[PDB]
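# Overview (structure and organization)
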Amino acid sequence: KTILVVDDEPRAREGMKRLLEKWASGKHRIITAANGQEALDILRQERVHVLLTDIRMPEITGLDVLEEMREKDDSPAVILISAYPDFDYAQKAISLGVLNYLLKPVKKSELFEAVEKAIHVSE
Amino acid sequence: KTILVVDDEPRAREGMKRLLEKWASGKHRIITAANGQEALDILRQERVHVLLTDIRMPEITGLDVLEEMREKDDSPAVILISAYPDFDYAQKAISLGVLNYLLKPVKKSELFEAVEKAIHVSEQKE
Ligand SMILES: [Mg+2]
Ligand SMILES: [Mg+2]
């Protein structure tokens, strides 16, 4: 399937891509977006099964991305990643049906468990 | 449908019960429990479509109730309520499939939107 990683921080972004690319070992296509605007364009142009996005990104946050996705009912399973332990974000994330809220630094035990649950929810 | 309200404080428990009973108008069945053990017992002995539980309760939290419910073969749709804005509770709730996490003092608007969300999540899974 198609998994879309969104993070304005390139290190964290491309690192999770490599982590997911070797975890998938060719079975899943992993896509990368550097901001929310690009994410929405990939989300409109391609069918994304699992969306993994940061929350705090300039102008368009991950939650803003998810709000525009939830109104359309064909929508990816969403895993949020953030360094911020913010109840408000998590609260909105719940309301919008996010599967997991991973705290940075990313722990790939959690990353992989969440992405498999997201793959399953997509199916 | 059967909606189970769980809160260890009686005033809150009866308050949410009374409001939900008014909105139910007999269409839905409102029952209550005072703690997680009470909830677990009800949850094992009858179908509960919607679970509305406080988190901070003595010995067994609302999140602890949910850990037993996802084991059970069919799950209630779950609304969490709490007076405190706790990220750790919220993050666990997310991982546990919670539909909404409302802050006390509960707002009618938020409460009945979450309940209808739950009602349709349960009707979705029949
Ligand atoms: Mg960021
Ligand atoms: Mg309490």
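Numbering of residues starts from 1 on every chain and follows the written order of that chain's sequence, so it may differ from the entry's own numbering; residues lacking coordinates are omitted. Ligands are numbered from 1 and chains lettered from A, in the order in which they are written. Hydrogens are left out, water is left out, and the side-chain values use all remaining heavy atoms of the structure.

In the PDB header, X-ray crystallography is given as the technique by which the entry was determined, and 2.35 Å as its resolution.

### Focus on the side chain of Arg13 of chain A
All names here are of chain A. Each helix corresponds to a stretch of at least 4 residues labelled H or I by DSSP, and each strand to a stretch of at least 2 residues labelled E; elements are numbered beginning at the N terminus. In this fold, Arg13 is placed in helix α1 (residues 10-24). The rule is simple: take the accessible area with a 1.4 Å probe, protein chains only, and divide by the maximum for that residue type; under 20% is buried, over 50% is exposed, in between is partly exposed. Owing to a relative accessible area of 10%, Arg13 belongs among the buried residues under this scheme. The definition of a polar contact used here is a pair of N or O atoms within 3.5 Å, where within protein one atom must be able to donate a hydrogen and the other to accept one, and adjacent residues in sequence count solely through side-chain atom pairs. For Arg13, the side chain forms a polar contact with the side chain of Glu14, separated by 3.2 Å.

### Description of the coordination of the magnesium ion (ligand 1)
All names here are of chain A. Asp8 (OD), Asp54 (OD) and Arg56 (O) make up the full set of protein donors to the magnesium ion (ligand 1), lying at 2.2 to 2.3 Å. Distances decide who is a donor: an N, O or S atom must be within 2.8 Å of the metal, or within 3.2 Å for Na, K and Ca. Water is not included, so sites may look incomplete. For the magnesium ion (ligand 1), the donor residues sit on a single chain with the sequence spacing D-x45-D-x1-R. Linking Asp8 in the loop between β1 (2-6) and α1 with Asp54 in strand β3 (residues 50-54), this pair joins segments that are 46 residues apart in sequence. Residue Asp54 is classed as buried on the basis of its relative accessible area, which comes to 5%.

### Remarks on helix α3 (residues 62-71) of chain A
Residues and elements named next belong to chain A. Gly62, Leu63, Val65, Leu66 and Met69 are the residues of α3 that are buried. For α3, the arc enclosing every buried residue in end-on projection is 150°, short of the 170-degree limit, so these residues lie on one face. We call two residues in contact when some of their heavy atoms are within 4.5 Å. Those residues of α3 that are buried are in contact with α2 (36-45), β3, β4 (77-82) and α4 (87-95). Two to three positions downstream of the cap, the backbone nitrogen of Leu63 sits 3.3 Å from a side-chain oxygen, assigning the N-cap of α3 to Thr61. An arc is given here, and it is the one of the directions from the helix axis to the C-beta atoms.

### Some details on the coordination of the magnesium ion (ligand 2)
Residue and element names in this part refer to chain B. Coordination of the magnesium ion (ligand 2) by the protein is provided by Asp8 (OD), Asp54 (OD) and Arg56 (O), with metal-donor distances spanning 2.0 to 2.3 Å. Expressed as a motif, the donor residue spacing for the magnesium ion (ligand 2) is D-x45-D-x1-R. Here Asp54 lies in strand β3 (residues 50-54) and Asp8 lies in the loop between β1 (2-6) and α1 (10-24), a separation of 46 residues in the sequence. Judged by relative accessible area, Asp8 falls into the partly exposed class, the value being 28%. Its relative accessible area of 4% is what places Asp54 among the buried residues.

### A few points about the packing of aromatic side chains
Pairing of aromatic rings covers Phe, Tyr and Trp, the last through its six-membered ring, and needs centres within 6.5 Å; plane angles under 30 degrees mean stacked, over 60 mean edge-to-face, and all others mean tilted. Across all of its chains, the model carries four aromatic pairs over all chains by this definition. Summarising the aromatic geometry, the rings of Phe87 of chain A and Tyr101 of chain B are spaced 5.0 Å apart at their centres and angled 75° between planes, so their arrangement reads as edge-to-face. On the criterion of chain membership, the pair formed by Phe87 of chain A in helix α4 and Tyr101 of chain B in strand β5 (residues 100-103) is interchain, its members lying in two chains. Measuring from ring centre to ring centre gives 4.8 Å for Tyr101 of chain A and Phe87 of chain B, while their planes differ by 75°; the resulting arrangement is edge-to-face. Here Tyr101 of chain A, found in strand β5 (residues 100-103), pairs with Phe87 of chain B, found in helix α4 (residues 87-95), and the two come from separate chains. Taken individually, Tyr101 of chain A and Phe87 of chain B each receive the classification buried, so the pair is uniform in this respect. Only when the NZ atom of a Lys or the CZ atom of an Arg is both within 6 Å of the ring centre and within 35 degrees of the ring normal do we say a charge sits over the ring. Its end group placed over the ring of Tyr84 of chain A, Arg56 of chain A keeps NZ or CZ at 4.1 Å from the ring centre.

### Let's talk about the sheet that holds strand β2 (residues 29-33) of chain A
Residue and element names in this part refer to chain A. The five strands lie next to each other as β2-β1-β3-β4-β5, forming an open sheet whose pairing is parallel. In the strand order of this sheet, the two ends are held by β2 and β5, each with one partner. Ignoring which end each strand starts from, the neighbouring axes of this sheet average 20° apart. Strands pair, by our definition, only if DSSP identifies at least two bridges between them. Here an axis means a line fitted to C-alpha atoms, over the contact stretch when the element is a helix, while the angle between two N-to-C directions is reported on a 0 to 180 degree scale.

### Some details on the side chain of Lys17 of chain B
By the secondary structure assignment, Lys17 of chain B is in helix α1. What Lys17 of chain B contacts, discounting residues up to four positions off in sequence, is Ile30 and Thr32 of chain B.

### Side note on α1 of chain A
Residues and elements named next belong to chain A. Helix span is expected to be 1.5 Å times the residue number reduced by one. In this model α1 runs 20 Å from its N-terminal to its C-terminal C-alpha over 15 residues, within 8% of the 21 Å that 1.5 Å per residue would give. All buried positions along α1 are accounted for by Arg13, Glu14, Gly15, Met16, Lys17, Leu20 and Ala24. Regarding α1, its N-cap is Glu9, as a side-chain oxygen of that residue lies 3.3 Å from the backbone nitrogen of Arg11 further along. Just downstream of α1, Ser25 is the residue with a positive phi angle, here 40°.

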